[PDB]
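K.L.:
Below is structure_37.pdb; it holds PDB, C-alpha atoms (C1' of nucleotides).
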```
MODEL        1
ATOM      1  CA  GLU B 369      11.921  11.262  -0.843
ATOM      2  CA  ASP B 370      12.063  12.741  -4.336
ATOM      3  CA  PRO B 371      12.662  16.551  -4.281
ATOM      4  CA  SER B 372       9.898  17.125  -6.839
ATOM      5  CA  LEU B 373       6.693  17.153  -4.741
ATOM      6  CA  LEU B 374       7.292  20.707  -3.445
ATOM      7  CA  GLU B 375       6.277  22.693  -6.546
ATOM      8  CA  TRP B 376       2.487  22.274  -6.739
ATOM      9  CA  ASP B 377       1.678  22.281  -3.023
ATOM     10  CA  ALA B 378       0.109  25.626  -2.129
ATOM     11  CA  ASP B 379      -2.770  24.005  -0.205
ATOM     12  CA  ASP B 380      -4.092  23.190  -3.704
ATOM     13  CA  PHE B 381      -5.759  19.998  -4.928
ATOM     14  CA  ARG B 382      -3.913  17.591  -7.227
ATOM     15  CA  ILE B 383      -5.843  15.470  -9.732
ATOM     16  CA  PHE B 384      -3.985  12.354 -10.893
ATOM     17  CA  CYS B 385      -4.719  11.696 -14.576
ATOM     18  CA  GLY B 386      -3.867   8.206 -15.802
ATOM     19  CA  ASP B 387      -4.229   6.454 -19.146
ATOM     20  CA  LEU B 388      -2.305   9.098 -21.108
ATOM     21  CA  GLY B 389      -0.932   8.549 -24.596
ATOM     22  CA  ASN B 390       2.784   7.902 -24.212
ATOM     23  CA  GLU B 391       3.851   9.430 -27.539
ATOM     24  CA  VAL B 392       2.204  12.781 -26.732
ATOM     25  CA  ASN B 393       0.940  14.920 -23.822
ATOM     26  CA  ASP B 394       4.257  16.543 -22.882
ATOM     27  CA  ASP B 395       2.288  19.770 -22.366
ATOM     28  CA  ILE B 396      -1.015  19.120 -24.175
ATOM     29  CA  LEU B 397      -2.538  18.382 -20.767
ATOM     30  CA  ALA B 398      -1.627  21.931 -19.754
ATOM     31  CA  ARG B 399      -2.985  23.262 -23.045
ATOM     32  CA  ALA B 400      -6.314  21.499 -22.507
ATOM     33  CA  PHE B 401      -6.655  22.365 -18.811
ATOM     34  CA  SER B 402      -5.505  26.003 -18.972
ATOM     35  CA  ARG B 403      -8.989  27.067 -20.100
ATOM     36  CA  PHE B 404     -10.169  26.580 -16.501
ATOM     37  CA  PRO B 405      -9.494  28.734 -14.445
ATOM     38  CA  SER B 406      -6.141  30.393 -15.227
ATOM     39  CA  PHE B 407      -2.410  29.709 -15.425
ATOM     40  CA  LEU B 408      -1.470  26.660 -13.358
ATOM     41  CA  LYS B 409       1.109  23.871 -13.143
ATOM     42  CA  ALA B 410       0.438  20.587 -14.960
ATOM     43  CA  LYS B 411       3.322  18.107 -15.077
ATOM     44  CA  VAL B 412       3.749  14.823 -16.942
ATOM     45  CA  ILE B 413       5.761  11.986 -15.390
ATOM     46  CA  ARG B 414       8.315  11.143 -18.098
ATOM     47  CA  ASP B 415      10.965   8.793 -16.737
ATOM     48  CA  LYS B 416      14.556   9.853 -17.339
ATOM     49  CA  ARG B 417      17.168   7.846 -19.252
ATOM     50  CA  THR B 418      14.511   6.665 -21.723
ATOM     51  CA  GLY B 419      12.402   9.694 -22.583
ATOM     52  CA  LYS B 420       9.392   7.363 -22.417
ATOM     53  CA  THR B 421       6.177   8.617 -20.857
ATOM     54  CA  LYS B 422       5.308   6.529 -17.796
ATOM     55  CA  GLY B 423       1.615   7.324 -18.284
ATOM     56  CA  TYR B 424       0.012   9.102 -15.346
ATOM     57  CA  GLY B 425       0.476  12.812 -14.788
ATOM     58  CA  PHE B 426      -0.651  15.328 -12.180
ATOM     59  CA  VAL B 427      -2.573  18.617 -12.381
ATOM     60  CA  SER B 428      -2.785  21.219  -9.597
ATOM     61  CA  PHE B 429      -6.004  23.190  -9.042
ATOM     62  CA  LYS B 430      -6.611  26.181  -6.783
ATOM     63  CA  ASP B 431     -10.051  25.326  -5.365
ATOM     64  CA  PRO B 432     -11.906  22.057  -4.653
ATOM     65  CA  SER B 433     -14.923  23.708  -6.356
ATOM     66  CA  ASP B 434     -13.117  24.312  -9.653
ATOM     67  CA  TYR B 435     -11.668  20.804  -9.350
ATOM     68  CA  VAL B 436     -15.175  19.320  -9.166
ATOM     69  CA  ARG B 437     -16.278  20.942 -12.426
ATOM     70  CA  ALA B 438     -12.946  20.106 -14.059
ATOM     71  CA  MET B 439     -13.270  16.427 -13.164
ATOM     72  CA  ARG B 440     -16.928  16.179 -14.168
ATOM     73  CA  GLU B 441     -16.192  17.864 -17.517
ATOM     74  CA  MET B 442     -12.853  16.199 -18.376
ATOM     75  CA  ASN B 443     -13.397  12.637 -17.105
ATOM     76  CA  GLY B 444     -13.043  10.615 -20.296
ATOM     77  CA  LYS B 445     -12.626  13.721 -22.453
ATOM     78  CA  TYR B 446     -10.565  13.011 -25.561
ATOM     79  CA  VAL B 447      -7.124  14.532 -24.919
ATOM     80  CA  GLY B 448      -4.329  13.982 -27.414
ATOM     81  CA  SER B 449      -4.876  10.446 -28.698
ATOM     82  CA  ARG B 450      -6.467   8.718 -25.679
ATOM     83  CA  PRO B 451      -9.284   9.437 -23.232
ATOM     84  CA  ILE B 452      -8.018  10.394 -19.785
ATOM     85  CA  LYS B 453      -8.981   8.892 -16.425
ATOM     86  CA  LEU B 454      -9.126  11.204 -13.407
ATOM     87  CA  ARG B 455      -8.639  10.300  -9.742
ATOM     88  CA  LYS B 456      -7.519  11.948  -6.506
ATOM     89  CA  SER B 457      -3.854  12.422  -5.655
ATOM     90  CA  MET B 458      -2.430  10.260  -2.860
ATOM     91  CA  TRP B 459       0.994  11.771  -1.996
ATOM     92  CA  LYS B 460       1.308   9.163   0.749
ATOM     93  CA  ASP B 461       4.616  10.462   2.126
ATOM     94  CA  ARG B 462       6.448   9.719   5.384
ATOM     95  CA  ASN B 463       4.852  12.423   7.536
ATOM     96  CA  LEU B 464       1.464  10.847   6.722
ATOM     97  CA  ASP B 465       2.420   7.154   6.655
ATOM     98  CA  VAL B 466       3.778   7.492  10.197
ATOM     99  CA  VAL B 467       0.398   8.868  11.285
ATOM    100  CA  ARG B 468      -1.370   6.036   9.452
ATOM    101  CA  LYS B 469       0.756   3.413  11.210
ATOM    102  CA  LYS B 470       0.143   5.149  14.545
ATOM    103  CA  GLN B 471      -3.612   5.077  13.913
ATOM    104  CA  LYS B 472      -3.485   1.398  12.920
ATOM    105  CA  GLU B 473      -2.565   0.167  16.406
ATOM    106  CA  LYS B 474      -5.209   2.454  17.945
TER     107      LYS B 474
ATOM    108  CA  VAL E 131      16.382 -29.349   2.739
ATOM    109  CA  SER E 132      15.319 -27.363  -0.319
ATOM    110  CA  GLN E 133      16.389 -24.272  -2.256
ATOM    111  CA  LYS E 134      14.422 -21.590  -4.068
ATOM    112  CA  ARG E 135      14.167 -22.387  -7.768
ATOM    113  CA  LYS E 136      16.516 -20.365  -9.990
ATOM    114  CA  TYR E 137      14.606 -19.477 -13.156
ATOM    115  CA  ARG E 138      15.931 -17.601 -16.183
ATOM    116  CA  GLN E 139      14.621 -14.487 -17.925
ATOM    117  CA  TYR E 140      13.083 -14.091 -21.385
ATOM    118  CA  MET E 141      11.559 -10.616 -21.747
ATOM    119  CA  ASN E 142      13.150  -7.193 -21.290
ATOM    120  CA  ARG E 143      16.669  -8.584 -20.936
ATOM    121  CA  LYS E 144      19.022  -6.208 -22.802
ATOM    122  CA  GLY E 145      21.167  -9.343 -23.198
ATOM    123  CA  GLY E 146      21.970 -11.830 -25.909
ATOM    124  CA  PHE E 147      19.187 -13.947 -27.357
ATOM    125  CA  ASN E 148      20.715 -17.053 -25.789
ATOM    126  CA  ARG E 149      20.283 -17.792 -22.097
ATOM    127  CA  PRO E 150      22.852 -16.916 -19.423
ATOM    128  CA  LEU E 151      24.037 -19.393 -16.806
TER     129      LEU E 151
ATOM    130  CA  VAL K 713       9.898 -23.620  -0.930
ATOM    131  CA  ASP K 714      10.331 -19.946  -0.142
ATOM    132  CA  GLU K 715      13.593 -18.609   1.266
ATOM    133  CA  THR K 716      12.166 -18.803   4.795
ATOM    134  CA  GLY K 717      11.670 -22.543   4.257
ATOM    135  CA  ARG K 718       7.876 -22.732   4.068
ATOM    136  CA  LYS K 719       6.238 -25.176   1.684
ATOM    137  CA  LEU K 720       4.921 -23.187  -1.277
ATOM    138  CA  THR K 721       1.463 -23.620  -2.746
ATOM    139  CA  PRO K 722       1.595 -24.204  -6.522
ATOM    140  CA  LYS K 723      -0.280 -20.990  -7.290
ATOM    141  CA  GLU K 724       2.254 -18.678  -5.661
ATOM    142  CA  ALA K 725       5.055 -20.935  -6.882
ATOM    143  CA  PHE K 726       3.947 -20.141 -10.428
ATOM    144  CA  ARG K 727       3.488 -16.509  -9.376
ATOM    145  CA  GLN K 728       7.164 -16.364  -8.405
ATOM    146  CA  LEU K 729       8.139 -18.225 -11.577
ATOM    147  CA  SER K 730       6.254 -15.721 -13.739
ATOM    148  CA  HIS K 731       7.752 -12.788 -11.843
ATOM    149  CA  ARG K 732      11.267 -14.129 -12.401
ATOM    150  CA  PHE K 733      10.389 -14.919 -16.029
ATOM    151  CA  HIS K 734       8.953 -11.570 -17.120
ATOM    152  CA  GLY K 735      11.369  -9.567 -14.972
ATOM    153  CA  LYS K 736       8.971  -7.534 -12.799
ATOM    154  CA  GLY K 737       7.478  -8.309  -9.396
ATOM    155  CA  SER K 738       4.346  -7.258  -7.566
ATOM    156  CA  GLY K 739       3.572  -3.791  -6.260
ATOM    157  CA  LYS K 740       4.526  -2.328  -2.910
ATOM    158  CA  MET K 741       0.962  -2.550  -1.595
ATOM    159  CA  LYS K 742       0.688  -6.220  -2.559
ATOM    160  CA  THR K 743       4.061  -6.995  -0.977
ATOM    161  CA  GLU K 744       2.965  -5.283   2.239
ATOM    162  CA  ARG K 745      -0.346  -7.161   2.239
ATOM    163  CA  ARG K 746       1.402 -10.488   1.683
ATOM    164  CA  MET K 747       3.935  -9.870   4.460
ATOM    165  CA  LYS K 748       1.257  -8.724   6.902
ATOM    166  CA  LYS K 749      -0.663 -11.910   6.120
ATOM    167  CA  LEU K 750       2.423 -14.033   6.823
ATOM    168  CA  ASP K 751       3.010 -12.389  10.192
ATOM    169  CA  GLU K 752      -0.712 -12.702  10.942
ATOM    170  CA  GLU K 753      -0.426 -16.455  10.392
ATOM    171  CA  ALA K 754       2.691 -16.592  12.567
ATOM    172  CA  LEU K 755       1.019 -14.654  15.385
ATOM    173  CA  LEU K 756      -2.120 -16.799  15.218
ATOM    174  CA  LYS K 757      -0.249 -20.111  15.195
ATOM    175  CA  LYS K 758       2.334 -19.255  17.868
ATOM    176  CA  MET K 759      -0.389 -19.345  20.547
ATOM    177  CA  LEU K 766     -12.500 -14.840  26.728
ATOM    178  CA  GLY K 767     -14.037 -17.462  29.001
ATOM    179  CA  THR K 768     -12.440 -16.070  32.154
ATOM    180  CA  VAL K 769     -13.449 -12.532  31.164
ATOM    181  CA  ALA K 770     -17.045 -13.653  30.604
ATOM    182  CA  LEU K 771     -17.103 -15.521  33.923
ATOM    183  CA  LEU K 772     -15.790 -12.470  35.786
ATOM    184  CA  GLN K 773     -18.194 -10.081  34.033
ATOM    185  CA  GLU K 774     -21.255 -12.317  34.521
TER     186      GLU K 774
ATOM    187  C1'   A M   1     -42.002  34.450  40.538
ATOM    188  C1'   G M   2     -42.053  30.063  38.427
ATOM    189  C1'   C M   3     -45.701  26.837  35.080
ATOM    190  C1'   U M   4     -47.473  26.564  30.210
ATOM    191  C1'   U M   5     -49.296  27.155  24.248
ATOM    192  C1'   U M   6     -48.066  27.942  19.084
ATOM    193  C1'   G M   7     -44.482  28.840  14.834
ATOM    194  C1'   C M   8     -39.558  29.030  13.342
ATOM    195  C1'   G M   9     -33.917  28.227  13.652
ATOM    196  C1'   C M  10     -29.799  25.241  15.671
ATOM    197  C1'   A M  11     -27.891  20.647  17.799
ATOM    198  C1'   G M  12     -27.990  15.688  20.563
ATOM    199  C1'   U M  13     -30.207  10.783  21.331
ATOM    200  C1'   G M  14     -33.539   6.895  19.131
ATOM    201  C1'   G M  15     -37.186   4.225  15.657
ATOM    202  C1'   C M  16     -39.006   3.223  10.661
ATOM    203  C1'   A M  17     -38.724   2.776   4.960
ATOM    204  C1'   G M  18     -35.728   2.861   0.271
ATOM    205  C1'   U M  19     -41.497   1.491  -6.109
ATOM    206  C1'   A M  20     -39.092   7.083  -4.145
ATOM    207  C1'   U M  21     -36.439  11.976  -3.296
ATOM    208  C1'   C M  22     -35.576  16.351  -5.599
ATOM    209  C1'   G M  23     -35.804  20.654  -9.580
ATOM    210  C1'   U M  24     -39.555  23.754 -12.028
ATOM    211  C1'   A M  25     -36.869  32.614 -15.736
ATOM    212  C1'   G M  26     -43.104  25.847 -17.972
ATOM    213  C1'   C M  27     -48.770  26.104 -17.299
ATOM    214  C1'   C M  28     -53.006  26.311 -14.064
ATOM    215  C1'   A M  29     -54.747  27.449  -8.823
ATOM    216  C1'   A M  30     -58.868  30.237  -2.474
ATOM    217  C1'   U M  31     -61.608  35.623  -8.307
ATOM    218  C1'   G M  32     -60.924  27.828  -6.199
ATOM    219  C1'   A M  33     -56.656  22.702  -7.127
ATOM    220  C1'   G M  34     -59.141  18.280  -6.824
ATOM    221  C1'   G M  35     -63.751  15.413  -5.728
ATOM    222  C1'   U M  36     -65.655   7.057  -8.051
ATOM    223  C1'   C M  37     -69.966   7.326  -2.197
ATOM    224  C1'   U M  38     -70.750  11.603  -1.913
ATOM    225  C1'   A M  39     -72.831  16.551  -2.798
ATOM    226  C1'   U M  40     -77.319  23.150  -1.209
ATOM    227  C1'   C M  41     -71.502  18.487   0.757
ATOM    228  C1'   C M  42     -65.891  18.499   1.135
ATOM    229  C1'   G M  43     -61.632  22.275   0.552
ATOM    230  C1'   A M  44     -55.047  22.359  -1.656
ATOM    231  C1'   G M  45     -51.959  21.989  -4.414
ATOM    232  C1'   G M  46     -52.264  19.701  -9.493
ATOM    233  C1'   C M  47     -50.505  18.806 -14.599
ATOM    234  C1'   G M  48     -46.292  18.496 -18.206
ATOM    235  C1'   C M  49     -41.178  18.136 -18.444
ATOM    236  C1'   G M  50     -36.076  16.842 -16.237
ATOM    237  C1'   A M  51     -32.114  13.996 -12.702
ATOM    238  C1'   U M  52     -31.174   9.295 -10.285
ATOM    239  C1'   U M  53     -24.541  11.161  -4.604
ATOM    240  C1'   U M  54     -19.287  11.356  -1.983
ATOM    241  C1'   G M  55     -14.881   9.743   1.352
ATOM    242  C1'   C M  56     -12.512   5.416   3.814
ATOM    243  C1'   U M  57     -11.513   0.168   4.045
ATOM    244  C1'   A M  58     -11.303  -5.052   2.831
ATOM    245  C1'   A M  59     -11.085  -9.116  -0.926
ATOM    246  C1'   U M  60     -10.347 -11.201  -5.603
ATOM    247  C1'   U M  61      -8.595 -11.797 -11.021
ATOM    248  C1'   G M  62      -4.095 -11.155 -13.443
ATOM    249  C1'   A M  63       2.774 -11.731 -15.246
ATOM    250  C1'   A M  64       1.625  -6.500 -14.369
ATOM    251  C1'   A M  65      -4.514  -3.296 -10.475
ATOM    252  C1'   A M  66      -0.227   2.409 -11.888
ATOM    253  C1'   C M  67       1.846   8.110  -7.083
ATOM    254  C1'   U M  68       7.763   9.584  -9.496
ATOM    255  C1'   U M  69      14.737  -8.670 -10.636
ATOM    256  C1'   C M  70      18.518 -11.939 -10.389
ATOM    257  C1'   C M  71      23.046 -13.082  -9.859
ATOM    258  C1'   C M  72      28.884 -14.103 -10.463
ATOM    259  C1'   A M  73      32.580 -12.522  -8.664
ATOM    260  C1'   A M  74      34.461  -9.771  -5.463
ATOM    261  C1'   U M  75      34.629  -8.172  -1.130
ATOM    262  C1'   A M  76      33.566  -9.836   2.883
ATOM    263  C1'   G M  77      42.268 -19.984  18.049
ATOM    264  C1'   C M  78      45.809 -23.960  18.853
ATOM    265  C1'   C M  79      48.901 -28.082  17.381
ATOM    266  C1'   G M  80      52.437 -29.346  12.341
ATOM    267  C1'   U M  81      54.563 -27.614   7.989
ATOM    268  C1'   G M  82      57.429 -23.413   4.562
ATOM    269  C1'   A M  83      60.149 -19.289   4.390
ATOM    270  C1'   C M  84      61.729 -14.660   6.335
ATOM    271  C1'   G M  85      63.828 -12.719  10.540
ATOM    272  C1'   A M  86      66.082 -12.526  15.452
ATOM    273  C1'   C M  87      68.988 -14.889  19.415
ATOM    274  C1'   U M  88      72.432 -18.947  21.037
ATOM    275  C1'   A M  89      71.242 -28.439  16.156
ATOM    276  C1'   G M  90      68.253 -25.552  19.889
ATOM    277  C1'   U M  91      65.053 -21.151  21.234
ATOM    278  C1'   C M  92      61.755 -16.950  20.168
ATOM    279  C1'   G M  93      58.404 -13.353  17.223
ATOM    280  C1'   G M  94      55.364 -12.295  13.191
ATOM    281  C1'   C M  95      53.487 -14.008   8.505
ATOM    282  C1'   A M  96      51.528 -17.922   5.319
ATOM    283  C1'   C M  97      48.317 -22.565   4.602
ATOM    284  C1'   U M  98      48.523 -28.074   1.202
ATOM    285  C1'   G M  99      46.520 -32.579   7.937
ATOM    286  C1'   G M 100      44.131 -32.715  12.832
ATOM    287  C1'   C M 101      41.416 -30.622  17.099
ATOM    288  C1'   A M 102      34.101 -35.044  21.843
ATOM    289  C1'   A M 103      38.497 -40.307  26.063
ATOM    290  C1'   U M 104      41.376 -37.959  33.104
ATOM    291  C1'   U M 105      44.747 -31.179  33.478
ATOM    292  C1'   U M 106      40.795 -27.320  30.601
ATOM    293  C1'   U M 107      36.732 -25.853  24.683
ATOM    294  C1'   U M 108      32.107 -30.666  23.660
ATOM    295  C1'   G M 109      29.802 -30.550  30.220
ATOM    296  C1'   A M 110      29.193 -34.824  37.211
ATOM    297  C1'   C M 111      24.919 -32.977  36.246
ATOM    298  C1'   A M 112      19.836 -33.040  37.654
ATOM    299  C1'   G M 113      16.010 -33.543  41.274
ATOM    300  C1'   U M 114      14.745 -33.131  46.784
ATOM    301  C1'   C M 115      14.691 -31.092  51.881
ATOM    302  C1'   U M 116      16.194 -27.536  56.381
ATOM    303  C1'   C M 117      17.503 -22.769  59.158
ATOM    304  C1'   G M 118      24.005 -16.423  53.521
ATOM    305  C1'   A M 119      24.853 -22.370  55.272
ATOM    306  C1'   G M 120      24.395 -27.675  55.017
ATOM    307  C1'   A M 121      21.831 -32.712  54.393
ATOM    308  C1'   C M 122      19.279 -36.738  50.925
ATOM    309  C1'   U M 123      18.662 -39.404  46.268
ATOM    310  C1'   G M 124      19.898 -40.908  41.241
ATOM    311  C1'   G M 125      17.466 -48.594  43.920
TER     312        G M 125
ENDMDL
END
```
Show the structure stored in the file as structure tokens.

P.N.:
Amino acid sequence: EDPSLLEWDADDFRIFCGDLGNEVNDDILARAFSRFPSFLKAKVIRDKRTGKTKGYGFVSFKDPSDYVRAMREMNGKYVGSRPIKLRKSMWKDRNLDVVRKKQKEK
Amino acid sequence: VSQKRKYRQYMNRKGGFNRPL
Amino acid sequence: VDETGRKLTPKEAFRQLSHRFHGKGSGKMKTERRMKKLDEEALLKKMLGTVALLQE
RNA sequence: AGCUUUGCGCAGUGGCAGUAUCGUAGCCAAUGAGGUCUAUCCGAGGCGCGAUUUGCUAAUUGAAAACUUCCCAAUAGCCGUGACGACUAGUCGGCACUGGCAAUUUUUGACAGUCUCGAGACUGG
């Protein structure tokens, strides 16, 4: 249970953006996505001990409505040096995996 | 009886070019 | 043979060889799927006519 | 005092088909769209342009199908023997490891089956 999934969650929607250029995109994702709608949190998963970008990052959006337009207008949009691929965030943690296992037997 | 095969490593080793034992 | 002692099909034998060779295994989801399949086989092999007759 | 008709809105339960559904700060239209049976008769939309859904699950390919490896080492009862020690060549206690532990008193099985009202009987041909 990493203590790093408790910064974006304000009942907001997290878009998981994979296929990111490793050399860049430390904050260029935030620079690109700040235009819509306002200041937000956009992190990049850069593994420690190597400083090498693992690829995927996450972006937190206030509304599902703004998220729809953001996805439809940034899916494949040229960011940094690579086009980005957008999907929904999973955050399959314990409090939800227990419920999933409980539902399985039912 | 039989034992699981014990194969060596080539890529992403951080070790010497030659094999270990 | 796998550690549990089951005869290993050549395909997954080479799968394990390649994993050990490169230095990285399969994902968590694939491991879970594989294990659930193994226990499915065990449950099936370890073993509605009466119900139909009673319901008729 | 209750029954019942029409239009609309909201839900539930079914059937059918995906060559069709939708949009129209574009144009025309009951002051008439459109008429190839069918006309002193009939009577509503037409034309042009534009678009061609989302969540969940299973399965495969592959070395890897994206949500924060191996593997050494290490660690991990009794009878004899060797010392150390204690008590009178003998005895005892603890420790240690360089052989052994399925042949009547024990730890390598006289057990298993049967029958009768907690108790006994029968068989192993």

K.L.:
Using all atoms listed in the file and a cut-off of 7 Å, which residues of chain B sit close to chain M? Please list them as a PyMOL selection string.

P.N.:
chain B and resi 413+458-459

K.L.:
Can I get the selected residues back with C-alpha atoms, as a PDB file, in the coordinates of the input?

P.N.:
```
ATOM      1  CA  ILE B 413       5.761  11.986 -15.390  1.00  0.00           C
ATOM      2  CA  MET B 458      -2.430  10.260  -2.860  1.00  0.00           C
ATOM      3  CA  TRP B 459       0.994  11.771  -1.996  1.00  0.00           C
TER       4      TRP B 459
END
```

K.L.:
Care to translate the PyMOL selection byres ((chain E) within 10 of (chain M)) into actual residues of this file, as JSON, numbers by chain?

P.N.:
{"E": [136, 137, 138, 139, 151]}

K.L.:
How close does chain K get to chain M? List, as CSV, each residue of chain K within 8 Å, its nearest atom pair and the distance in Å to one decimal, counting all atoms listed in the file.

P.N.:
```
residue,atom,partner,partner_atom,distance
K:727,CA,M:63,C1',7.6
K:730,CA,M:63,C1',5.5
K:731,CA,M:63,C1',6.1
K:732,CA,M:69,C1',6.7
K:734,CA,M:63,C1',6.5
K:735,CA,M:69,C1',5.6
K:736,CA,M:69,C1',6.3
K:737,CA,M:69,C1',7.4
K:738,CA,M:64,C1',7.4
```

K.L.:
Mind pulling up the distance from CA of residue 770 in chain K to CA of residue 473 in chain B?

P.N.:
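Between these atoms lies a distance of 24.5 Å.
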
K.L.:
Can you pull out the residues contacting residue 397 in chain B? Cut-off 10 Å, using all atoms listed in the file, and skip same-chain residues under 5 positions away; I want them as number ranges by chain.

P.N.:
B: 385, 388, 392, 402, 410-412, 425-427, 447-448, 452

K.L.:
Leaving out residue 29 in chain M and any residue of its chain fewer than 6 positions from it, which residues lie within 12 Å of it when counting all atoms listed in the file, given as a VMD selection string?

P.N.:
chain M and resid 44 to 47

K.L.:
Under the PyMOL selection byres ((chain K and resi 713) around 9), which residues of this model are included? Write them out as a tab-separated table (two decimals) with C-alpha atoms, keeping the file's coordinate frame.

P.N.:
```
chain	number	residue	atom	x	y	z
E	132	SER	CA	15.32	-27.36	-0.32
E	133	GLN	CA	16.39	-24.27	-2.26
E	134	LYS	CA	14.42	-21.59	-4.07
E	135	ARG	CA	14.17	-22.39	-7.77
K	714	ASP	CA	10.33	-19.95	-0.14
K	715	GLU	CA	13.59	-18.61	1.27
K	716	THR	CA	12.17	-18.80	4.80
K	717	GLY	CA	11.67	-22.54	4.26
K	718	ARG	CA	7.88	-22.73	4.07
K	719	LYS	CA	6.24	-25.18	1.68
K	720	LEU	CA	4.92	-23.19	-1.28
K	721	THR	CA	1.46	-23.62	-2.75
K	725	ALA	CA	5.06	-20.94	-6.88
```

K.L.:
Convert the output of the PyMOL selection byres ((chain M and resi 81) around 9) on the shown file into explicit residues, formatted as a PDB file with C-alpha atoms (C1' of nucleotides), keeping the file's coordinate frame.

P.N.:
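Now in selection_18.pdb:
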```
ATOM      1  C1'   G M  80      52.437 -29.346  12.341  1.00  0.00           C
ATOM      2  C1'   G M  82      57.429 -23.413   4.562  1.00  0.00           C
ATOM      3  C1'   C M  97      48.317 -22.565   4.602  1.00  0.00           C
TER       4        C M  97
END
```

K.L.:
How far is it from CA of residue 418 in chain B to CA of residue 142 in chain E, in Å with one decimal?

P.N.:
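The value is 13.9 Å.
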